[PDB]
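The lines below spell out each chain.
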Amino acid sequence: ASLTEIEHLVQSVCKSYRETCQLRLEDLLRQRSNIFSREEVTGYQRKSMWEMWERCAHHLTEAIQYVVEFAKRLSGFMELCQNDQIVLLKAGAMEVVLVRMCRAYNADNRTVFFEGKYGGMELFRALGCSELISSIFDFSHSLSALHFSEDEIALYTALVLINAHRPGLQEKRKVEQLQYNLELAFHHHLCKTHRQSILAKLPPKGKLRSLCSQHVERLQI
Ligand SMILES: CC(=O)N1CCC(C(=O)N2C[C@@H](c3ccc(C(O)(C(F)(F)F)C(F)(F)F)cc3)[C@@](C)(c3ccccc3)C2)CC1
């Protein structure tokens with residue numbers, strides 16, 4: 001990787017993200033006026049926690065499937081050994097979904113796109129996860145404040161997944177090298193777009209894994 005090889009990695013990560021983003025950004029922004037009515041919100045609140053869990057678990061499964069496909073398109077990831085592909089997706093997929101959620105979040109009214117319309121955190125009252133759901137919305141709010149672009153999400157989430165510090169890697173030197181190349185690509189693309197500012201404004205990695213860890217615990221109770 002010299003400079004044109006750095007610039008090639010960027011466009012490839014940004015194309016792979018575009019092809020697996022699940023919902024187009026244009027349709028998320030256009031739908032910000034299609035908000036759940038007061039009556040539709042009550043309908044969600046009256047449902048059992050089990051019904052809301054089956055909905056959310058199946059939406060989380062569909063979101064994770066697109067995260068796997070984004071990785072399966074990453075130049076480098078597909079040459080790793082099967083155990084390494086698995087170890088990276090096991091530790092990183094849920095964090096990637098959390099970062100990805102910021103595109104579907106509207107900071108103007110603290111709502112998220114869910115099942116066809118925008119709804120506040122009150123929509124998920126039946127789960128009994130108000131504290132966890134508040135932190136999820138507050139993390140998405142801190143990423144939406146920065147106006148996180150599609151390509152920033154693409155490169156940033158590629159670094160969330162390609163991390164050599166994951167305990168269980170069989171070829172930790174290969175991941176470290178892919179991680180190193182993605183970092184040059186991310187830091188270079190911030191310079192090309194005059195966005196160097198967002199680095200110090202991004203959430204600390206510990207906050208992303210601590211939010212993810214709490215969410216993983218909720219997946220049982
Ligand atoms: C129709 C459509 O395309 N949609 C866009 C995607 C959207 C979606 O998947 N959701 C699920 C939705 C969501 C809420 C809550 C959870 C939980 O894990 C649950 F146990 F209930 F399963 C919880 F423990 F946290 F409570 C998972 C997913 C959403 C707000 C969300 C997404 C990602 C991360 C955090 C929250 C939005 C569902 C609607």
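Residues numbered from 1 in each chain as written, not as in the entry; some residues may be left out. Heavy atoms only, no water. Residues with missing side-chain atoms left out of burial classes, pairs and counts.

Looking at the method and resolution fields of the entry, one finds X-ray crystallography and 2.150 Å.

The name the PDB entry gives the protein is Nuclear receptor ROR-gamma, with Homo sapiens as the organism. The header of this PDB entry states its title as "CRYSTAL STRUCTURE OF RAR-RELATED ORPHAN RECEPTOR C IN COMPLEX WITH A NOVEL INVERSE AGONIST".

**Concerning the nonpolar core**
To keep it simple, the criterion reads: The set of buried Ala, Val, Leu, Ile, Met, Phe, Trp, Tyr and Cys residues whose side-chain atoms join them within 4.5 Å is what this entry labels a nonpolar core. Burial classes follow relative accessibility: with a 1.4 Å probe on protein chains only, a residue under 20% of its type's maximum area counts as buried, one over 50% as exposed, and anything between as partly exposed. Each helix is a run of DSSP H or I of at least 4 residues and each strand a run of E of at least 2, with the numbering of both proceeding from the N terminus. It only takes one pair of heavy atoms within 4.5 Å for two residues to be counted as in contact.
Ranked by internal contacts, the top residues of the largest apolar core, which has 68 residues, are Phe124 and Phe148. Per-element accounting of this core gives the leading share, nine residues, to helix α5 (residues 82-100). If we ignore the near neighbours within four places in the chain, the residues touching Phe124 are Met52, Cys56, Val112, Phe114, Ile133 and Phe137.

**Focus: the site of the ligand**
For clarity, the cut-off: Nearness of a residue to a molecule or strand requires only that one of the residue's heavy atoms be within 4 Å of it. Nitrogen and oxygen atoms within 3.5 Å of one another constitute a polar contact, given that in protein one can donate a hydrogen and the other can accept it, and given that sequence-neighbouring residues count only through two side-chain atoms. Each accessible area value is a Shrake-Rupley result obtained with a 1.4 Å probe; residue values ignore everything except the protein chains displayed when judging cover.
The full set close to the ligand counts 20 residues, and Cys56, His59, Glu115, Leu127 and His215 are the nearest of them. One of the side-chain nitrogen or oxygen atoms of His215 is found 2.3 Å away from an oxygen atom of the ligand. With the chains in place, 90% of the 730 Å² that the ligand exposes on its own is no longer accessible. Elements represented by at least two residues in the shell around the ligand include exactly α4 (49-71), α5, β2 (111-114), α6 (130-145) and α10 (205-218).

**Concerning the pairing of β2**
Formally: We treat two strands as partners when DSSP finds at least two bridges between them.
Direction of pairing for strand β1 (residues 105-106) relative to β2: antiparallel, over a ladder of two bridges. Bridge pairing in β2 links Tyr105 to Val112. In the sheet, β2 pairs with strand β3 (residues 117-119) via three bridges, with the strands oriented antiparallel. Opposite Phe113, over in β3, you have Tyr118 as the bridge partner. Hairpin connection of β2 to β3: two residues between the antiparallel strands, including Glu115 at a positive phi of 40°.

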